[PDB]
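Everything below concerns the one structure shown next.
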Amino acid sequence: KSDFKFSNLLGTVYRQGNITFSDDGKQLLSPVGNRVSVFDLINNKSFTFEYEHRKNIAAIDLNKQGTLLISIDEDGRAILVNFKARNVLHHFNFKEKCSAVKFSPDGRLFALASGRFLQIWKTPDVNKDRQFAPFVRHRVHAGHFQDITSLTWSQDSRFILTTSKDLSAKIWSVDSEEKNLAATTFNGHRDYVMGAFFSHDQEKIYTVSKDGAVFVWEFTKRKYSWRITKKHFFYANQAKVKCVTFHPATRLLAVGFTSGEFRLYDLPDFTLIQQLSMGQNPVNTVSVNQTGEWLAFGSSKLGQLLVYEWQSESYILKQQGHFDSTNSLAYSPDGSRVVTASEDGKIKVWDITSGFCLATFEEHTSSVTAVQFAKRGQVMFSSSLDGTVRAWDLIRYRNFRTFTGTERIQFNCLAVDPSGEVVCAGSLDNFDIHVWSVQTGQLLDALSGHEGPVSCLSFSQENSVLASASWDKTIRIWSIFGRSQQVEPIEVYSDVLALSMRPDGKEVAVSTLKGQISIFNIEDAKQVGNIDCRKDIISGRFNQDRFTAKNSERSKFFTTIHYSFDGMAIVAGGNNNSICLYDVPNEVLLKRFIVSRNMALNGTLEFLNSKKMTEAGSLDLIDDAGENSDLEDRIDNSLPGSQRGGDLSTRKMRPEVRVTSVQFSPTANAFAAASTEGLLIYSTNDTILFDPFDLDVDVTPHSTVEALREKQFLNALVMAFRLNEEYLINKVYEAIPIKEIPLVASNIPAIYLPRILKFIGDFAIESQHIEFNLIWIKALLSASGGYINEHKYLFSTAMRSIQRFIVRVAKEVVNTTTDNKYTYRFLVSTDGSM
Amino acid sequence: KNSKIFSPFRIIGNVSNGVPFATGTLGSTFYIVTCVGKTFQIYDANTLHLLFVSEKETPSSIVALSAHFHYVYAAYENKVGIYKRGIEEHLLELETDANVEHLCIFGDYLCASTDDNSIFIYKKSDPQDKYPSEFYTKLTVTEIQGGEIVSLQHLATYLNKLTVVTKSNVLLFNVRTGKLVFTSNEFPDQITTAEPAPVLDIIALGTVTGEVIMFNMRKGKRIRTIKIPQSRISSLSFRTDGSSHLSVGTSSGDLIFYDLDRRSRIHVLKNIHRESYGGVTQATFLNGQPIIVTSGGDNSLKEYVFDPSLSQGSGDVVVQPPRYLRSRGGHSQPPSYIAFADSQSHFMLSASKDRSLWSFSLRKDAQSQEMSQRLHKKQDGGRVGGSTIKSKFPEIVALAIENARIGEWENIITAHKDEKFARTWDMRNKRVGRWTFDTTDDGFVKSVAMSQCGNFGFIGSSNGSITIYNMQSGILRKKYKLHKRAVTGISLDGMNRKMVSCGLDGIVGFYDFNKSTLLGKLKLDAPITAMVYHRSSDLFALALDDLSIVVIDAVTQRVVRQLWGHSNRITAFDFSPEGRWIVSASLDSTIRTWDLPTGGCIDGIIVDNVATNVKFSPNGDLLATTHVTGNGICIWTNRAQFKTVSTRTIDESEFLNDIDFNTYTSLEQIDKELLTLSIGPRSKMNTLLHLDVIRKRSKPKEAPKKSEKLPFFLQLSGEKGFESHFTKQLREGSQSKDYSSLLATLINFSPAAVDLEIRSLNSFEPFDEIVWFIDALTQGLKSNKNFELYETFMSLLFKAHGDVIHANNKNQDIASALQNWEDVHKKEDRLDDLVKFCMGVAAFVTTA
Amino acid sequence: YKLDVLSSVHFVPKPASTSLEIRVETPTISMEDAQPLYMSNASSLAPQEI
Amino acid sequence: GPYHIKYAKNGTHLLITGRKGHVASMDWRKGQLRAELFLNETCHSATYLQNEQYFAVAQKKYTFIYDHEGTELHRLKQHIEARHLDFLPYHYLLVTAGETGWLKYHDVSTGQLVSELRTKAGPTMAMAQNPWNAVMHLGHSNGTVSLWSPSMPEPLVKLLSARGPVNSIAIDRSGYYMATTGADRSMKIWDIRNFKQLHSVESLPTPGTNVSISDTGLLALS
RNA sequence: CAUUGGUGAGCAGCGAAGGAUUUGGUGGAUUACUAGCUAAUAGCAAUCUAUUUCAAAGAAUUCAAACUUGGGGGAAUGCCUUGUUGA
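Protein chains in written order, with full-length UniProt numbering: chain A, 2 to 223, 245 to 856; chain B, 19 to 673, 702 to 766, 812 to 939; chain C, 446 to 495; chain D, 112 to 333.
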């Protein structure tokens, strides 16, 4: 029922730090602020880790063998993760701002550039168990003079050479007996050094500086040691080198400037292989894959990632996430995609299973406030603050309609008719509901009556009435069809600010500014019951709050509500750090989730640190800006007191935590929450939980396998359902033969009908037995059709996943087969040539 | 006695154990090595944060400790280990069987005195090396020269001299030659301690009466004699701040400070450590600071300061008494009840038989307060009646905690030994709450429970009654009289729907809670001594008295499992965080891990010491147990969380791998008649079908800039025959009329490779390559796997060479190949039949 | 732009406008993003638009 | 943050500045606090300009001029991005050298920007006034020290001191000897009349961060 | 008659060698614990100096440089740019 866990973080591709490839080159590890997303680019499957830091990540490094993953945030706090387990092995504090991590190419020991010191530690084995203190130190070198900005291992693992704001590079040997072989330093640059790299036979060293110069060092004569033989320069005027990388087997130098450019040189001899433009912001990180074919570029301003194959100039991927600008959410009527409406004036259709954006629409000028689909997943509607509401056709990608008012108010919420003929939008500038027809572009009516702005709209589908709820402290139900045109108001205790309607259409759930979810019947306007939701809310102290979180009431209500598709639970979320999952017939909460434990937002903690508070003021409300070494990162583009408009630079405050929208998924037991760090997607594993159903002393996996070996398929399937073990259901499901499928599917019990429907849907969207799954679906729908058509709400989010399977992965095989058949008929039937 | 799931992490909550600690100076900073059973721990001194702990437990207990700059010499049973940063950098095994008793390092020599009065002197090998390594000599003290060796000291400015102080006299040994040089006049008392004074030649000697002898060594004459009466002197320290003070810590709990110039006693700190646990076992002034670190045997280490004087001219006469400064501590007695206090596995509650409730920390060992038993001022108006001699509560025998309403009212309910009521506690303030909860039938609180929402507390007494108190206002609501023996377990569902109780009349009673009815009354055989409720699966477990664990589903209301196999009483047990295992520790010194689905014991540990509490983490990662002796909490981890664990039966031996590791790899193809798809991503077919337009959208907007000089063969210059392999394999497959290897390589090929080879087939001559390719695809469609891939390969062939075979239509070979193709494709239209039916009926069912 | 951001994007919208933009027949695969997947295959114009 | 010391010219007041916002003007000898300001913008330096009574601190962008009590008197719209302040005390001139590669002399009695001079060489890495001569020796990132004057819009004389950036310079009271340390771990003792370097310590076993010379010819290096 | 207004005088009740309110200071926590210093593959920590030096390496935009300005008018004299005379 309600065992959710943090599955995915969707809609954020890269924010800040270090972008890594897998050793095979198939997976791409990128840091969102705390967590780390991993994209498997071949199988098209992403995930993100459940653990998270307390501050933004500054470093990532994965082992060669793909076993261990060290992620270091800002200010030292490393976490060592077991990778193929997805589980945190150890926490270790390095107390200075760590600039770089890198394992050795052997794998045995890792280096760490932290301060002006080079630290070398030994890795813990993964085949062993957890220790109190697994990190055993190797050495700490302290030759440099200022902060160390880069770190590179030799190909054999016996040399490291580092790079620092000393304007200098330095070779250390790992072994004390090879100190004398390599104990040296390299001077001569002018601004910094930003990279130092070995050749593929380590007899040449290339060192690149922030000034824009590459020195080729070689161990030659004029007994003789380490001259500069060549000084090549990039002749960029305003651009500065921001990130360098080097693949030594193919001799590739990939440089990324602060103008947007990246250049690829060959470098024993400095030939411009390519010069391209990632964007119009700085380029903040470069990486290569092990073969040397893919180059991963990342920028932090606007937060984008670009994986580029450079032999044929081809973008493998070009994605751009979002941070603190996501005003609304919707699912496709499937578990396929999520459509987000974001403050930049953009709408993005994101996939789920491979967390990338499939499409972007960019026609609204200002921020897009809300987005809905029709009662079909081909057309969506969006409502924005430029005073317009537009329709979009997701087959030929065009806004075919743009409805506007007359007196140009700016629209906040919208709602679209099930029978897709009517779109009604409500604003806060006018508090009348404006309703347009969809086919003809005209506006039908302005439903008036609300005193004070309209906060939420919704269309009750299975009877088609309109529920509009407003700061009037009033719900109002309009019946706008059938020649009557009649209203009925309901009065609530506070000004309502969220609304949802049951799948039946029989009840409305409202969410008020007093901290109450109320639930009303809609035939008779009487109140059915309310959930009081004010004490199960985690509110936070801001860094600039002069009052306690206990007394603060900016965040003790919910501003988004969604009924489940059963109709039994509500998800709820507002301007606070907790998302709540409630149970309507029992008016008691099932669970509470804590959306972000990142101290670099604001409303996260309840109790700040009095060591940070001085008698001057908080140590965290001091301008750390003008200490910076960059004119562009030092200036302040802000406006006094503005919020919620424009870029994250235009407000001089720490971006708060909030959840802007929530929905339940239509097909699987998941829910998505559009929040300040992205789209948090929570989902359940019937694989991992043990939740049986009508057990007994005899029901056992051994007894079930005994029943299969004694050929009692109905009994084996029913025992596997009562054990509710996923591998057991899968074993017996593939173990029964073809000729007994209709008998078994007839004599299956009505209590285990929805369980077998859920199992077939999930297995079929990821399985290769299309014939077996279709035979099973045909037998079940044949045997038990009237039961499902009767219990249309118990089987909604199971038959929806089954429809998804049929349309997504069976109709495509049918398409290919029919095309081949008709092309063969034309090739073999028609006259030839000459 | 090893395990297969759990593995010991560390034992949490100990500070000291009565072995005299040692102080080690680093640069200008100090650390403190304290002994805790077999491991030691290295504490900072400016803050008392736990820096280091020993990484491997010793084979026996640690007798002595000493600490040079970076190195720590720990003398356990027969050996001496030389550790640095917790890791054993050298071992020094002695050549006897008698245990090591004392240990003193100085210079290049390490002097270790085993208990039969023989001192082993070890020497550094090279005078640059860091610890003594080699055997050098074996001195001995016979009976005619001295009694049992009390201590081994070294005085400053003594070339190769080792001051061995015995129970009768003080000896000096030359350690290089190995020759005694001096024997003091025999003291008429028994000497217990020695301590080198920070002046030359002077050692202080504490006896078993009240005497501290200031004894010279250049002359051999008792310079001073300071009498503590009616005490045994246990630890001596001097001051090196610039004031001439002395600290005499007694074996009664007292610590007395003398000024040696005025011959005065400045002060006496009374009862700092318990007399019953040794008293003061070590006191040390830090070197040049007015800070004394005193450690006892009651699992506590303190340190005090001497604030400077309040006068101006007088100064050393008006000395302020020593005030308190930092300290760490734990439990003195073993712990009684533990509980995980949140879902992060950050905090433990631990209530112990010294009547103290602590809040230990599993993240940082300096976050662990003690919860304060300081009552609240009444809300009625009367005066609370107790003793005016303040005391601690009786010991705790049950605890319930619920974090749903934290920081708003109380969320712990504790049941104390032989009292008639429970207490509320508050984990926010770490204080007691303002409500106490009575039973109302003269019965002791035998068990307690809390609602999930944090509103209700259920108290089950020792006469059957269940009282239900609201926790915000701590006010009584209900009372359930089903049992007439005691009530040994209460629980409420997560939906506040049903409520289980279980009691010593062998009775389980399932009540409703939203109504106030009885749903059922189950009677088992034996009495019932414990109940654990897993709410996520609605299964509870009852530990009985015919030595079994009865697992009962609460909804269908009957016994589903009955785990047998314990051979004595069942002390404690708990569920897995997901509902799959029950871990049960029992009084036959065993810990068994039973599996709930298959029903059998999958793991068994034998412990040396009986285990009285066992609690899984609320997260998956930790197991926490606690035993009969030992003042800590043993922490174990999950190999099962980082790996997979087989589920067999082990216990009768020690004391179908699909089903074992409970994973199931799906069949590649069930029948040889049913269709399948490819084993891979479902995007390979769409990419092959639309391989050109996706690359066209991937290419950038503008042209990139290049140079003019470039190597033409740059790819081949990236440094470090006759036929093609695909065509060769197709040719051999045509020769042998077997294309299986060709189809293996075609499924193997990547998107571009496939398009490249299929475009570069040969299509001019009597078309052998096209005929062989279509023959291979017909063999694949007869093989009935990779159906999407063979259909998409034929579509690619028709889009590349459609014009060639269209022009050369009705040629015999291509006609025959296409006829066989059409035969098998006709044979496989049934998939479209299936899809049409399922889509139409599903649409009708869902909408209409 | 500066005024809207300063005023915390509450404002009153633009009056209206019109513009007769053009379109071009392309596959929607090439119309959408740069990524290994896709979601629609048809052209960019209707059959009555061609 | 890390503080920053200035003494008055009488040697009777002390002006400390911390990198965060703490600016304190105190009497140091009778233990008084004349003015304490918790400015929040990162402050770089500060000088008592003519008395104990007025002092100018350099802030995140603009230089500010404060009274003897913390009453802010002026903010200088023309002194953008300064890190080095100074005061020619007979000429009543506040000299500010910044990150903009400019050098500005502002007459503090009238209120008038006497001169704006464009150092070509980019952000200034050190600065010290020759007191006997009242001429500003700046030290650039190239390694050149430059003697500057507010009438000539050209450097009076350029000296190549060190390889790579100059770290700190300091001129003797008598106006004859300049000490300059540069980030190539080097320290030069230069003569200023006739401009002949005297002697050049070449391998300091860390770069020299600060130099100062007393009124007895004592030479202090940090 | 009430006071859901203040100031006092007494009970009933609670009630173990007392009780209540306010308040200065210090300690420990408020993020998840791998020891101090330095010139650092080691040394010091009771000291770095009567080895603290030498050898090596190390010098573009022939100066590209305020990306750093509240709005309008101007700018004698300055400053910048371009040309010119004379050395």
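Each residue gets a CB set at the ideal place from its N, CA and C atoms; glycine is no exception.
Per DSSP, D859(B) is not a residue of any beta strand (DSSP E); the alpha helix (DSSP H) it occupies stretches across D859 to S874. Taking the Cα positions, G333(B) is about 9 Å away from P326(B). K307(D) counts as exposed, since fewer than 16 other beta carbons sit within 10 angstroms of its beta carbon. Distance from the Cα of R676(A) is smallest, within the candidate group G589(A), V532(A) and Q665(A), for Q665(A). By the Cβ criterion, the segment 509–523 of chain A is in contact with the segment 482–499 of chain A, since at least three pairs of Cβ atoms, one from each stretch, lie closer than 8 Å.
For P776(A), the enclosing alpha helix (DSSP H) begins and ends at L775 to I787. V183(B) sits buried, since 16 or more C-beta atoms from the chains shown fall within 10 Å of its C-beta. Remark: C-beta atoms of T128(D) and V168(D) approach each other more closely than 8 Å. Judged by their CB atoms, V836(A) and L922(B) are nearer to each other than the 8 Å cut-off. Contact of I644(A) with chain D by beta-carbon distance below 7 Å involves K131, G132 and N151. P688(A) and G18(A) have their C-alpha atoms some 35 Å from each other.
For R741(B), the uninterrupted alpha helix (DSSP H) segment begins and ends at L737 to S744. For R381(B), no beta strand (DSSP E) encloses it, and the DSSP letter there is neither H nor E. Taking a Cβ-Cβ threshold of 8 Å, the residues of chain D close to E649(A) are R130 and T153, in chain order. Annotation: Cβ neighbours of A638(A) in chain D (cutoff 9 Å, chain order): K131, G132, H133, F149 and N151.
Per the coordinates, the alpha-carbon of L224(D) lies some 51 Å from the alpha-carbon of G409(A).
The continuous beta strand (DSSP E) containing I209(B) extends over residues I209 to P214. Interface flag for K448(B) against chain C is unset, since no Cβ pair is found closer than 8 Å. CA-CA distance, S252(B) to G331(B), rounds to 36 Å. With respect to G650(B), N32(B) sits close: the two C-beta atoms are nearer than 8 Å. Scanning its chain for C-beta atoms nearer than 8 Å, with the 5 sequence neighbours on each side dropped, one finds around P412(B) the residues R373, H434, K435, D436 and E437, in chain order. The beta carbon of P316(D) sits no closer than 8 Å to any beta carbon of chain A. Looking at the backbone, the Cα of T391(A) and that of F425(A) are separated by about 15 Å. Look at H724(A) here: in three-state DSSP terms it is helix. The three-state secondary structure of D316(B), taken from DSSP, is coil.
Cα atoms of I60(B) and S313(B): separation of roughly 14 Å, rounded to the nearest angstrom.
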